[PDB]
Ligand SMILES: *[C@@H]1O[C@H](CO[C@@H]2O[C@@H](C)[C@@H](O)[C@@H](O)[C@@H]2O)[C@@H](O[C@@H]2O[C@H](CO)[C@@H](O[C@@H]3O[C@H](CO[C@H]4O[C@H](CO)[C@@H](O)[C@H](O)[C@@H]4O)[C@@H](O)[C@H](O[C@H]4O[C@H](CO)[C@@H](O)[C@H](O)[C@@H]4O)[C@@H]3O)[C@H](O)[C@H]2NC(C)=O)[C@H](O)[C@H]1NC(C)=O
Ligand SMILES: *[C@@H]1O[C@H](CO[C@@H]2O[C@@H](C)[C@@H](O)[C@@H](O)[C@@H]2O)[C@@H](O[C@@H]2O[C@H](CO)[C@@H](O[C@@H]3O[C@H](CO)[C@@H](O)[C@H](O)[C@@H]3O)[C@H](O)[C@H]2NC(C)=O)[C@H](O)[C@H]1NC(C)=O
Ligand SMILES: *[C@@H]1O[C@H](CO[C@@H]2O[C@@H](C)[C@@H](O)[C@@H](O)[C@@H]2O)[C@@H](O[C@@H]2O[C@H](CO)[C@@H](O)[C@H](O)[C@H]2NC(C)=O)[C@H](O)[C@H]1NC(C)=O
Ligand SMILES: *[C@@H]1O[C@H](CO)[C@@H](O)[C@H](O[C@@H]2O[C@@H](C)[C@@H](O)[C@@H](O)[C@@H]2O)[C@H]1NC(C)=O
Ligand SMILES: *[C@@H]1O[C@H](CO)[C@@H](O)[C@H](O)[C@H]1NC(C)=O
Ligand SMILES: *[C@@H]1O[C@H](CO)[C@@H](O)[C@H](O)[C@H]1NC(C)=O
Ligand SMILES: [Ca+2]
Ligand SMILES: [Ca+2]
Ligand SMILES: [Ca+2]
Ligand SMILES: [Ca+2]
Ligand SMILES: [Ca+2]
Ligand SMILES: [Ca+2]
Ligand SMILES: [Ca+2]
Ligand SMILES: [Ca+2]
Ligand SMILES: [Ca+2]
Ligand SMILES: [Ca+2]
Ligand SMILES: [Ca+2]
Ligand SMILES: [Ca+2]
Ligand SMILES: [Ca+2]
Ligand SMILES: [Ca+2]
Ligand SMILES: [Ca+2]
Ligand SMILES: [Ca+2]
Ligand SMILES: [Ca+2]
Ligand SMILES: [Ca+2]
Ligand code: NA
Ligand code: NA
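Protein chains in written order, with this note's numbering: chain C, 4 to 431; chain A, 4 to 431.
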């Protein structure tokens, strides 16, 4: 005869499932000498989960019944057990089937306690990252049901089911990440089943935010006015530029250089340190040639898709008194630097020489005072700016002196003052 | 007296500019013997540009007058020089100012003929790149006025003016660039002034498009279904994955790996080649333990801000006949494998043995044929699936023989078939 029974797993050893006397009365009481029958179980002596009492026919749990090690994740679980009546003469055969129900004696569990995941700050709102699945060997209501993520402002989870039915958690970036502000997170993922009592397991996700090159260098200020004495030595520090980049590694490492469009002249006279940004002089400047310079400097990081920053540096040169006045004396005489005077006297206010002075410099450094200091009484008459005339101031005397020596002094209004002197003689 | 004249540069040497005798008549005609006066130029510097005719006072070009070498880029240009009348008796002084005008005898020119510029395809519509400025030593309308860029579909040009008045060209990205399609451009930039005849100069732009990581790997298919014999040797090639990335260098170098969320079990049994994508078996499979696998494999490039690609590989394991049938024979005898039989003549169909068979496999590989072989007159009667009884089939006349030896055959319906044999003796 066939008998079917229904138990819960892990019940205490020795508990009775059924009593043959009570359930197979129709068979036992119809044998010869009903009270003399004895029972024998048909199993091996290794791990007998069900046992029969040979004297009264009690079917009781012999060893622990773990549904999980027995049927794994199958919904249907049942143990088979054959019992026979002794003696052999007209023995009966009882095939006993015990359906095993599952209790919730297993909590959700994670493979690893630390779940390291790396996310680039570039990751767009909506990015999804499947997380480790917890394992719950139970079945039905007792198996893994849902997940939950510790409260925070940047991540969520959606619970999903894959092809085979199992459930898993998908991490979702819901707010724009920024490594420059918060580089790492630590959040708790909790899996829980739907059993009674409800069980839970948990793991910690260590989210690390990798840097992307979402920031370019920045200058303190964009414009600069530098004054430079035209006599500064090669190597003078014109300006130490400082730019900053919040990014990490190469993305935040800055290189300074002259903008790609700078004129060659600027590169001829100035040099910029690629690493520290020391704008230095390479060959001296001359106010008498170019009075100003408009340098365009750029700073760019060594990261990908890099946008550069730029600042403008105006170098204004200032004049120094590095040019001495020039004296030119011109005469009517076609040949030489000598002024010919009539042997026998001459009239007053007679043209002797034209005098022109000039100074390369500017301002007071280029303004000239001219003085005539010959050994006599000639007069230096102004005609226009920096152009004077040399004339006489009284009637001369041939007999007294024949050779004259005149000296012109040109002295600019600079400090230190500079001056030159020229000499020429008057033959009469 | 002051005299002002207006001439053009580069005029034919020897041409007459003005006649002093004619222009200072109002002064000469008030002298004694106006017709005897002669003129002398006060030519200063090592620059003999203009000459005076001593007899009539004609001002003629002594040497070529190049406005560019004299006043450079200044609007106001003039040569100043003093001329005097002979004889000295009340000689006159004429200050002459000769304004030199500019002709368009110089074309715009570029410092370098090839202008190499590098642009990353990531550069957004609107990016601007100031380009080298050409230099035109002319002045006014004759100097650099406008620029022009060879016709194209990806770049535009805007003309600009800097603080000091000079003009420059700003390159503009007008349409989204894509290096994967077109890696370089070559465009002609022409600077032209506004003189008549209009003169022009040109340089060529070598535009290089640097690659950015704007593409992630791609798989041929999204999922793959693999059937796998549970007896395949370690190393069987399950699948050769091919992913492609159009990017350059590291951006296009692909790495294959198991997704970070795969279970340790999957990594215990499978291996993926990081470089070529060879999904191979690491530890043999057993259909009797796990029947399928859902592998999540990813391929990502070695570039920045990299998004990985994903493919799902479903491995269906298939049963083979790799388990032999198992026989359990149970008897009355508690000690050893001999079944003690009633010495006295027994009736037909008397219990001798209980026999159970089983097979781990599935389908025909798990279907068992059970057969009873022996000396004679025994019957193997089925009770239920894979469970039979050994009984007697004739009157046990002890006289014939006392010892019997019986052999039980379990042979599954697999291919190749597997079998188990049991032996036990029947004493009467
Ligand atoms: C992934 O890419 C794999 C590579 O295939 C190429 O990839 C790139 C580089 C391009 O060239 C592209 O055009 C190619 O597709 C690809 O695997 C290939 O698959 C084919 C069949 O699908 C294979 O052809 C078969 O080759 C074997 C062996 O020959 C090879 O191996 C020997 C030993 O190493 C070498 O000496 C040879 O030079 C070959 O390289 C043959 O035995 C076989 O012949 C039999 O099968 C064909 C039909 O396939 C019949 O017509 C014949 O009559 C025979 O019955 C084929 O010739 C090819 O070998 C293989 N190459 C690999 C793996 O490198 C794969 O399909 C792509 N996708 C996936 C999902 O795997
Ligand atoms: C760029 O930065 C440098 C360095 O400044 C220092 O380092 C940076 C990384 C930042 O952390 C700064 O906050 C930090 O101060 C600047 O150079 C520094 O300039 C100052 C003056 O501005 C120097 O100190 C002065 O030196 C004079 C002359 O001897 C004294 O009379 C003053 O009493 C005062 O001490 C300082 O020495 C100098 N640093 C070094 C290392 O030489 C630099 O100015 C700056 N660039 C710009 C454009 O501001
Ligand atoms: C899993 O169990 C179902 C449920 O039915 C069974 O009912 C009892 C008879 C007993 O067997 C209990 O353990 C189960 O709860 C099975 O469904 C039956 O399957 C048989 C044949 O397989 C079929 O003839 C019946 O009609 C089915 N019953 C119903 C209500 O539809 C199912 O077969 C079991 N699956 C496996 C793989 O064993
Ligand atoms: C030029 O001639 C005039 C004629 O009157 C003189 O006055 C200048 O000399 C100065 O003036 C007189 C009044 C006297 O005080 C004399 O001592 C002055 O030096 C004369 N100048 C020169 C430089 O010879
Ligand atoms: C230069 O010439 C202009 C005419 O274009 C005139 O207006 C100006 O006065 C001149 N520059 C001077 C006088 O400094
Ligand atoms: C057992 O003996 C009977 C007697 O006729 C016979 O019919 C039967 O075939 C025998 N058993 C087997 C398995 O042949
Ligand atoms: Ca259990
Ligand atoms: Ca359980
Ligand atoms: Ca559970
Ligand atoms: Ca950021
Ligand atoms: Ca940066
Ligand atoms: Ca960053
Ligand atoms: Ca100088
Ligand atoms: Ca100077
Ligand atoms: Ca001076
Ligand atoms: Ca010229
Ligand atoms: Ca010119
Ligand atoms: Ca020109
Ligand atoms: Ca592209
Ligand atoms: Ca690209
Ligand atoms: Ca790529
Ligand atoms: Ca197997
Ligand atoms: Ca098998
Ligand atoms: Ca088998
Ligand atoms: Na610096
Ligand atoms: Na491959």
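Even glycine gets a Cβ: it sits at the ideal position worked out from N, Cα and C.
{"Check": "Members of the stretch 40 to 51 of chain A that neighbour chain C once the beta carbon cut-off is set at 9 Å", "Outcome": "43, 45, 46, 47, 48"}
{"Check": "Near ligand 17: residue 70 (chain A) beta-carbon under 7 Å from a heavy atom", "Outcome": "yes"}
{"Check": "Those runs of the beta strand (DSSP E) which lie wholly inside the stretch 369 to 416 of chain A and span at least 3 residues", "Outcome": "371 to 377, 381 to 387, 390 to 395, 406 to 415"}
{"Check": "Close-in-space but distant-in-sequence residues of the same chain around residue 92 (chain A) (CB under 8 Å, 5 per side omitted)", "Outcome": "35"}
{"Check": "Status (buried if at least 16 other CB within 10 Å, exposed otherwise) for residue 264 (chain A)", "Outcome": "buried"}
{"Check": "Chain-order list of residues whose beta-carbon lies under 7 Å from that of residue 18 (chain C) (same chain, five-residue window excluded)", "Outcome": "63, 64"}
{"Check": "Top-ranked residue by Cα proximity to residue 3 (chain A), from A:403, A:24, A:381, A:335", "Outcome": "The question about residue 3 (chain A) has no answer here: the residues shown for chain A are numbered 4 through 431."}
{"Check": "Option nearest residue 371 (chain C) by Cα separation, candidates C:245, C:37, C:389", "Outcome": "C:389"}
{"Check": "Per-residue contacts from residue 488 (chain A) into chain C (C-beta, under 8 Å)", "Outcome": "With chain A represented from 4 up to 431, any question about residue 488 (chain A) goes unanswered, as that position is not in the structure."}
{"Check": "Proximity test, residue 108 (chain C) beta-carbon vs ligand 7 heavy atom, cut-off 7 Å", "Outcome": "yes"}
{"Check": "Contact under 8 Å by Cβ, residue 119 (chain A) with residue 204 (chain A)", "Outcome": "no"}
{"Check": "Through-space distance from residue 344 (chain A) to residue 378 (chain A), alpha-carbon basis", "Outcome": "16 Å"}
{"Check": "Cβ-based contacts, 8 Å cut-off: residues of the stretch 172 to 205 of chain A near chain C", "Outcome": "none"}
{"Check": "Terminal residues of the beta strand (DSSP E) in which residue 172 (chain C) lies", "Outcome": "170 to 176"}
{"Check": "Nearest residue (CA-CA) to residue 364 (chain A), options A:300, A:290, A:404", "Outcome": "A:290"}
{"Check": "For residue 45 (chain C): DSSP bridge partner residues", "Outcome": "C:85"}
{"Check": "Where residue 122 (chain C) falls, given that 16 or more other Cβ within 10 Å makes a residue buried", "Outcome": "buried"}
{"Check": "Distance cut-off 7 Å: residue 79 (chain C) Cβ against heavy atoms of ligand 3", "Outcome": "yes"}
{"Check": "Residue 134 (chain C) to residue 178 (chain C) span [Cα, whole Å]", "Outcome": "18 Å"}
{"Check": "Within 8 Å of chain C by C-beta, residues of the stretch 257 to 277 of chain A in sequence order", "Outcome": "262, 263, 264, 266, 267"}
{"Check": "N-terminal and C-terminal residue of the beta strand (DSSP E) that residue 151 (chain A) is part of", "Outcome": "147 to 152"}
{"Check": "heavy atom of ligand 6 below 7 Å from residue 396 (chain A) C-beta", "Outcome": "yes"}
{"Check": "N- and C-terminal bounds of the alpha helix (DSSP H) containing residue 23 (chain A)", "Outcome": "23 to 26"}
{"Check": "Cβ neighbour criterion (16 or more within 10 Å) applied to residue 270 (chain C)", "Outcome": "exposed"}
{"Check": "Assigned secondary structure, residue 254 (chain A) (DSSP; H/G/I helix, E/B strand, else coil)", "Outcome": "helix"}
{"Check": "Sequence-distant residues of the same chain with beta carbon closer than 7 Å to residue 230 (chain A), five excluded per side", "Outcome": "319, 321"}
{"Check": "Rounded separation between residue 274 (chain C) and residue 78 (chain A) - CA only", "Outcome": "32 Å"}
{"Check": "Counterpart residues of residue 314 (chain C) in DSSP-defined beta bridges", "Outcome": "C:300"}
{"Check": "Alpha-carbon spacing of residue 95 (chain A) relative to residue 137 (chain A), whole angstroms", "Outcome": "48 Å"}
{"Check": "The stretch 333 to 350 of chain C contacting the stretch 309 to 316 of chain C, beta-carbon criterion three pairs below 8 Å", "Outcome": "no"}
{"Check": "Interface residues of chain A facing residue 167 (chain C) [CB-CB closer than 8 Å]", "Outcome": "295, 297"}
{"Check": "Under 8 Å between C-beta atoms of residue 300 (chain C) and residue 328 (chain C)", "Outcome": "no"}
{"Check": "Rounded straight-line distance, which links the Cα of residue 407 (chain A) to that of residue 425 (chain A)", "Outcome": "14 Å"}
{"Check": "Simplified DSSP state of residue 73 (chain C), which is helix, strand or coil", "Outcome": "helix"}
{"Check": "Between the CA atoms of residue 241 (chain C) and residue 280 (chain C) - distance to the nearest angstrom", "Outcome": "11 Å"}
{"Check": "The stretch 210 to 225 of chain A / the stretch 124 to 131 of chain A touching (three or more Cβ pairs under 8 Å)", "Outcome": "yes"}
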